[PDB]
C-alpha cells in the first residue's frame, strides 16, 4: 500500500478522533520504517490547524509511543507532553508570558507578556495534560509561582477576560486546549480557555514598561497565527 494512501488512512482516523486506530496505525508505520508517513500526516494536521493533532500526540505519548512523538512531531509536542519547562512566546510581540510578583487582589497574580524578561525563572511554565471525553486539556503551571493560568470571570467592554495565575485548578477556567498552526518556519499554538473557548492573547495596549496584559480574547483568531498564536520554547 503506497505512502500517500497510508497517509490518507492515518490522517482520516485522526480527523474523526479515533485515536486508538491512529496509534495502532502509527505503531505499524514506525515499526515498518515508514515514519515519513507519520511526519507528513502531522505536517498536514498542523497546516490545517487540526486540534485533534494534540490528542493524537497525547495518545501516542500515553500508549507506548513516546518515540513517535520524539521523532515525528515538532519539538513542541515532546516539550508539552514531557511537562518540560518551557516559555510561552507570543508570536506577534516576541514576549514571554509571566506572572506579576504581587497578587491582583482576590484574583491571583496578573498574567502578562513581559516587556523585557525573556529568560528568568519567572517566564518558565509547564503544561500538565489531562484527558477527558476524547479530548486533551492542559493546566498551564507557572513554575516560579506554582500557580495555574486562569481566565477571570469578569470581562472588559469587548467581552475579553483577564488572565491570572491562581493556586488551584478547581474550574474549567483554569484548563486550556491547543490548536496547532504553521507560520513560515515555526509551529505555533492557539491556546484556548476550556471554560470560555477564548484565545489567550496579549493586549495591543503597551504598558510604559513594555509589558502587555494577557487576555482571553473575544474575537476570531483562526488564520492569523502571526497575530494570535504562541510558540512553545524550551526553557
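Positions refer to the first chain, counted from 1.
Student: Select between 178 to 186 and 50 to 58 the stretch whose C-alpha atoms have the higher average B-factor in the entry.
Tutor: According to the PDB entry, the answer is 178 to 186.
Student: In the PDB record, does 85 to 93 or 102 to 110 carry the higher mean Cα temperature factor?
Tutor: Comparing 85 to 93 with 102 to 110, the higher mean C-alpha B-factor belongs to 102 to 110.
Student: According to the deposited entry, which of 39, 201, 193, 209 has the largest Cα B-factor?
Tutor: Result of the comparison over 39, 201, 193, 209: 209.
Student: Among the modelled residues of its chain, does the C-alpha B-factor of residue 141 lie in the lowest, middle or highest third?
Tutor: It belongs to the lowest third of the chain when residues are ordered by C-alpha B-factor.
Student: Please rank the C-alpha B-factors of the chain's modelled residues and tell me whether residue 165 sits in the lowest, middle or highest third.
Tutor: CA B-factor rank for residue 165: lowest third.
Student: When the deposited Cα B-factors of this chain's modelled residues are ordered and cut into thirds, is residue 75 in the lowest, the middle or the highest one?
Tutor: Ranked within chain, residue 75 CA B lands in the lowest tercile.
Student: Looking at the entry's B-factor column for C-alpha atoms only, identify whether residue 197 ranks in the lowest, middle or highest third of its chain.
Tutor: Middle third of the chain for residue 197's C-alpha B-factor.
Student: Is the Cα B-factor recorded for residue 17 in the lowest, middle or highest third of its chain?
Tutor: As the PDB entry reports it, the C-alpha B-factor of residue 17 lands in the middle third of its chain.
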